[PDB]
Amino acid sequence: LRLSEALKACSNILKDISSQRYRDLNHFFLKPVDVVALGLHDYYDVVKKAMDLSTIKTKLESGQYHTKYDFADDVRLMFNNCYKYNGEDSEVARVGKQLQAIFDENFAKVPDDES
Ligand SMILES: CC(=O)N1c2ccc(-c3ccc(C(=O)O)cc3)cc2[C@H](Nc2ccc(Cl)cc2)C[C@@H]1C
């Protein structure tokens with residue numbers, strides 16, 4: 001599975017946002033939400049499709065994203081699930097916003113899909 005130049009750039013961004021350098025922002029997003037471990041009420045009444053950084057990596061590296069936009073859709077899904085479930089004043093949403101801002105700045109530099 002050889003990725004396009006755009007999706008290789010996406011892989012590098014994903015690695016960067018998932019890295020130890022941002023651990024205080026990303027640790028909440030590394031692995032799937034586990035309703036039992038986290039004590040959550042009503043999570044899947046609010047969130048239709050869960051997403052997290054490990055799943056994004058699996059999907060990217062197994063060829064499930066055809067364009068950089070498919071990849072970005074799942075990054076945004078992950079963040080939006082967090083905001084909508086937890087509320088934007090929650091601690092986790094606040095760090096999410098910081099991580100998303102880093103993602104957005106870097107994703108704007110990814111080349112065209114056909115290059
Ligand atoms: C992303 C998201 O929306 N949620 C989420 C996901 C993972 C973890 C989590 C992840 C790893 C650990 C750990 O390494 O121990 C602990 C909690 C925690 C949460 C959120 N819980 C939480 C986050 C911050 C604070 Cl100060 C208190 C509670 C719940 C939410 C569903």
Side-chain angles (χ1 to χ4, degrees), residues 3-113 115:
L3 299 175
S4 68
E5 282 305 302
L7 285 166
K8 285 185 193 167
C10 288
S11 179
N12 287 332
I13 294 168
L14 185 66
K15 288 175 173 179
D16 185 41
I17 69 167
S18 302
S19 68
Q20 185 67 41
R21 167 153 83 123
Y22 298 118
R23 185 71 66 236
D24 60 314
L25 304 180
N26 68 31
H27 72 103
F28 306 104
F29 303 99
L30 291 172
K31 297 291 195 195
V33 169
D34 179 337
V35 293
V36 170
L38 298 176
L40 301 183
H41 285 60
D42 305 322
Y43 189 76
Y44 293 113
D45 296 328
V46 173
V47 169
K48 180 190 236 292
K49 184 173 188 170
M51 190 53 54
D52 64 282
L53 293 169
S54 68
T55 299
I56 298 170
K57 183 176 190 292
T58 293
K59 289 180 70 173
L60 179 59
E61 291 178 355
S62 64
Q64 296 189 43
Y65 298 132
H66 298 126
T67 68
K68 65 180 181 180
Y69 302 94
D70 295 329
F71 161 82
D73 280 346
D74 270 350
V75 174
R76 294 195 191 101
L77 175 61
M78 174 187 75
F79 289 123
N80 285 336
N81 285 345
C82 175
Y83 306 148
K84 77 186 186 184
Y85 179 74
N86 296 277
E88 297 201 2
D89 286 343
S90 68
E91 299 292 343
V92 69
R94 289 165 188 272
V95 291
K97 292 284 184 176
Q98 293 175 258
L99 195 63
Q100 186 175 27
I102 295 161
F103 174 80
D104 285 341
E105 176 184 344
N106 283 288
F107 185 76
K109 308 174 188 178
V110 172
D112 189 301
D113 280 302
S115 61

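Counting begins at 1 with the first residue of the sequence. Just follow the structure's listing: the first ligand is 1, and inside any ligand the first atom is 1.
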Using the ring centroid of each side chain, check whether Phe103 and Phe79 are separated by less than 6.0 Å.
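Centroid separation for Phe103 and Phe79: 6.0 Å or greater.
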What protein heavy atom is closest to [atom], reported as residue, atom name and distance in Å?
atom                     : result
atom 13 (C) of ligand 1  : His27 ND1, 4.8 Å
atom 26 (Cl) of ligand 1 : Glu91 CB, 3.8 Å
atom 23 (C) of ligand 1  : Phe28 CE2, 3.7 Å
atom 21 (N) of ligand 1  : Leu38 CD2, 4.8 Å

Any chance you could lay out the salt bridge (charged side-chain N to carboxylate O under 4.0 Å, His left out) test for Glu88 and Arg94, step after step, and finish with the verdict?
CA-CA 7 Å; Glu88 297 201 2; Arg94 289 165 188 272; over 6 Å; no
Under 4.0 Å from [atom], can you find at least one protein heavy atom?
atom                    : value
atom 30 (C) of ligand 1 : yes
atom 6 (C) of ligand 1  : yes
atom 3 (O) of ligand 1  : yes
atom 16 (C) of ligand 1 : no

Tell me the contacting part of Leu40 for ligand 1: side chain, backbone, both, or neither, using a 4.0 Å heavy-atom threshold, strictly below.
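The answer is the side chain of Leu40.
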Should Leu77 and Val95 be counted in the same cluster of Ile, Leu, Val, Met, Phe, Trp and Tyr side chains packed under 4.5 Å apart?
yes
Identify the two heavy atoms, one from [X] and one from [Y], that lie closest to each other, and give their separation to 0.1 Å.
X     : Y     : result
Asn81 : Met51 : ND2-N, 3.8 Å
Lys68 : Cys10 : CB-SG, 3.7 Å
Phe29 : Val92 : CZ-O, 4.0 Å

Check whether NZ of the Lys or CZ of the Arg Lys97 lies under 6.0 Å from the centre of the six-membered ring of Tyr83 and within 45 degrees of that ring's axis.
yes
Please say whether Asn86 places an N or O atom under 3.5 Å from an N or O atom belonging to ligand 1.
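Such a contact does occur with ligand 1.
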